[PDB]
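Okay, here we've got a single chain as structure tokens, the form deposited in one PDB entry, with questions on binding and movement later.
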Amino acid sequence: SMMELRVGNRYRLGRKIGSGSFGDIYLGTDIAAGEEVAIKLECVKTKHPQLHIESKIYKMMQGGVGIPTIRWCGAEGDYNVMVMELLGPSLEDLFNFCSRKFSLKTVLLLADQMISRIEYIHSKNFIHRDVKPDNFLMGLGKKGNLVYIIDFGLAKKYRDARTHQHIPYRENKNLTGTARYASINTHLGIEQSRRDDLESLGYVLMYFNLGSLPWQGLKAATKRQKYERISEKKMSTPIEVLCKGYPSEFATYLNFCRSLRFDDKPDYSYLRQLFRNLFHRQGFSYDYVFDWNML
């Protein structure tokens, strides 16, 4: 298998830059438009094609702050193809660039936007279900200060689009995302709701604070092995132990998310305010100057 220079007649395919849920991601060019893009590919022979479903979720999400624009989705030869707005580096990339050390200021600035992105998704009737640093990207140019959220391949509806009736409490039957950032309820095999995305973001923030999480594991392990080893450790590590030595707001955040009822509407503004209050007591300036901008 070699990639041609083009995907059909309209798209130049450049280098593979990483992976997403159920597909590989490439740089490319929309040749007719004269615009650089990102392209996600799914092999049509896959047992359960989903790219088309994912693309419809992107289309529904359009217009939200920090949601990439979808240009096209369809088939070309051996692939389904989804063409997206090109963005800046992922937060995992930028964390590495900063030697896996983010300042408290940068953590807080990121937290504010990340909570807002998640809230937006929830406003459109979906749970993201794979909250992780790789799925948040900075923008380009004048939007270099804006955090975007990506990847709707594991996203699932939590309320009816018309009635806003919440899904029933139930066991999970959906494919799941990273064990590392999964909520405790996810490890227990329970359906995710709004609280679970926010709990997972809490683990992401602690990862940025610490550089690692205490349940880090080995890639040379099956998903089954990872869930089991991480479940056991995450379940035996209190929030107060995880968050020791950091501002109390991180533990207050995590405990709030874990104490939500399955169908509660989270108080997003209260969660933002935790961090914004801390930001101002610290004497920080809300100036869009992240750690990597000083590199």
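C-alpha atoms forming the largest set that superposes within 1.5 Å between two forms make up the rigid core. Note that residue numbering begins at 1 and tracks the sequence as displayed.
Beyond the structure shown, there is the form solved in complex with a partner chain, which is absent from this document and is the topic of what follows.
Of the candidate stretches 114-122, 170-178, 141-149, 195-203, only 170-178 contains residues with a heavy atom within 4.5 Å of its partner chain in the deposited complex. Judged against its partner chain in the deposited complex with a 4.5 angstroms heavy atom cut-off, the residues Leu13, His52 and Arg71 are out of contact without exception. Using a 4.5 angstroms threshold between heavy atoms, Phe262 stays clear of its partner chain in the deposited complex. Although the partner is absent from this view, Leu254 stays clear of its partner chain in the deposited complex, with no non-hydrogen atom inside 4.5 angstroms. Proximity of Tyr246 to its partner chain in the deposited complex falls outside the 4.5 Å heavy atom cutoff.
The shortest heavy atom separation between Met82 and its partner chain in the deposited complex exceeds 4.5 Å. In terms of contact with its partner chain in the deposited complex, the residue from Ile67, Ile230, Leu242, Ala38 that brings a heavy atom within 4.5 Å is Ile230. Core superposition between this form and the one not shown leaves every listed residue (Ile239, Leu27, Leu260, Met60) with a C-alpha shift below 2 angstroms except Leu27.
Taking the rigid core as fixed, one finds a CA shift for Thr46 of 2 Å or more between this form and the one not shown.
Positional change of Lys223 between this form and the one not shown reaches 2 Å or more at the C-alpha, relative to the superposed core. The rigid-core alignment places the CA of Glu76 2 Å or more apart between this form and the one not shown. Relative to what is shown, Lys173 and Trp215 are closer in the deposited complex; their C-alpha atoms differ in spacing by at least 3 Å. Relative to the shown form, the Cα atoms of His187 and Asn174 move together by 3 Å or more in the deposited complex.
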